[PDB]
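A.B. asks: Output the structure for:
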Amino acid sequence: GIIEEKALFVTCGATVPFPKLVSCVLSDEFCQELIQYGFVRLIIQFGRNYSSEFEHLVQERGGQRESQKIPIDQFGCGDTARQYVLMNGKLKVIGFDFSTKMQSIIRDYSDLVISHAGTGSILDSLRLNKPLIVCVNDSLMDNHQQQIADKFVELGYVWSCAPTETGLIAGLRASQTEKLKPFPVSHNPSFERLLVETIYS
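C.D. replies: Numbering: from 1, shown residues only. Here you go:
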């Protein structure tokens, strides 16, 4: 069954690098590692202006769209009713939050999150001594989010690993063995990020 225990929240925050790269985080590699991690309830959501693209991963794998509601189809960014299932209730891919509910999802579960470089996302996970895995984007560099990431290492060596089946697993297993010393950068919750998206108050 579902077996409530630990959830896994992942967010790309800024515009994703390439539709194919994301697939790795939502493909066979990620799926296999998920079941091996005791899957529970997967939730994913990001992008806004670019409206993302999603290489039709749901249809590609042959998923089933529950809540009948797909305006612009594609990924339905302007829709909070995105819910897909794999095989048969195996993997649950759902998206219903756009930089305006992230904290809402964590508090509800609060167990484990995979932030590639989300300054806000890591912020909460930090105060909650929650061990997460940071997917660093060596390929890119213009991403300000990563810039803020490289700083975390300077202080120590935050679990950093690029989207690889050999490297990503190292961070996962490591995150379930040791925690990062209480260090909540910026005296403010992920809310501070909200200002970035809002830009003008």
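A.B. asks: For this protein, just list every one of the strands.
C.D. replies: 8-11, 42-44, 64-65, 82-85, 92-95, 113-115 (DSSP state E).
A.B. asks: Select, out of the ones you listed, the one closest to residue 36.
C.D. replies: Nearest to residue 36, of all the strands of the chain, is strand 8-11, at 12.2 Å by C-beta to C-beta. C-betas here are computed from N, CA, C, even on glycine.
A.B. asks: Which strands border the closest one, and is each parallel or antiparallel?
C.D. replies: strand 42-44 (parallel), strand 113-115 (parallel) (DSSP bridges).
A.B. asks: which one of these lies closest to residue 5?
C.D. replies: Residue 5 lies closest to strand 42-44 among the strands paired with strand 8-11, at 13.2 Å (C-beta to C-beta).
A.B. asks: Just list what the longest helix belonging to the chain packs against, helices and strands only.
C.D. replies: Secondary structure of the chain per DSSP state H: the longest helix is helix 144-155. Judged by 3 or more C-beta pairs under 8 Å, 6 or more residues apart in numbering; DSSP states H and E, helix 144-155 is in contact with helix 119-127.
A.B. asks: Check which helices and strands the helix it packs on is in contact with.
C.D. replies: Secondary elements touching helix 119-127 (3+ C-beta pairs under 8 Å, 6+ apart): helix 102-109, strand 113-115, helix 144-155, helix 191-198.
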